[PDB]
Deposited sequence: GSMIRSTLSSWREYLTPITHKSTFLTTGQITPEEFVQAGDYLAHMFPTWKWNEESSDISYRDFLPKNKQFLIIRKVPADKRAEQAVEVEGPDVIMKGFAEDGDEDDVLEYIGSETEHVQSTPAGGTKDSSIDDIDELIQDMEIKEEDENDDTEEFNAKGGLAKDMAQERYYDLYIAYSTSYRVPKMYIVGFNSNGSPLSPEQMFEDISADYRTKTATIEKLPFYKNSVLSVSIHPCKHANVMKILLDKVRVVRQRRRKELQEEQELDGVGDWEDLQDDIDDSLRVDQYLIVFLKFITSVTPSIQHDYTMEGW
């Protein structure tokens, strides 16, 4: 079915999603909050998976001041990654939100430093996280192709881990962000 097509039903998503969160409890399904723009076809509590503050040690392609003074009494980065389902290309869809070493939000052109060259200039863009109501800027990676892709890597010598394959794909995209 999916290995043939390379795509998943919303019912299969919940399957790989629950599996991924089980084997790497560091990933989580959303909570129900009032700021989430839900989707009828997914359960309220299995809308999108999320991991928080994964360290990025280096950048991708190598892996007021007065006031601040008067009030006195390069570096590491942290990434939140979200995984959502794409309706159009029946496959998973990648969004990332970045923090500098101070815990402040990164600019959309700083996050780009942490996308691999070929993906950066060809298959990536800035985007309101689609599942939050009044919303938050991020870097997304188009599902264009993707499976294609997922259909290639799959064929390696069981649907529950559709997402563990998909994740290793992703690390190719954001190789500076630590992985396991």
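- Missing from the model relative to the deposited sequence are positions 1-22, 86-133, 144-165, 250-283, 307-312 (no C-alpha coordinates, numbering from 1).
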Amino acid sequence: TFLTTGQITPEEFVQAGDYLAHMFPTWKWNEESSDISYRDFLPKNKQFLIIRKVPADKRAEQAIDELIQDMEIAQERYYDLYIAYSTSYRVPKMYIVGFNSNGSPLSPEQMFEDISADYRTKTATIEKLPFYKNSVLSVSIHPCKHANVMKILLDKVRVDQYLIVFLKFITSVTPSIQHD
From here on, numbers count along this sequence of modelled residues.
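- Stretch comparison (144-152 versus 22-30) by mean CA B-factor in the PDB entry places 144-152 on top.
- As recorded in the PDB entry, 4-12 is the stretch of 170-178 and 4-12 with the greater mean C-alpha temperature factor.
- Each of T87, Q75, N102, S107 has a CA temperature factor in the record; the biggest one is found at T87.
- Annotation for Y119, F112, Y132, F48: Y119 ranks highest, by Cα B-factor.
- Among all modelled residues in its chain, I64 ranks in the middle third by Cα B-factor.
- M94: CA B factor lies in the middle third for its chain, per the PDB record.
- The PDB entry assigns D57 a C-alpha temperature factor belonging to the middle third of its chain's modelled residues.
- Sort the modelled residues of the chain by CA B factor and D35 lands in the middle third.
- Sort the chain's modelled residues by C-alpha temperature factor and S138 lands in the lowest third, per the entry.
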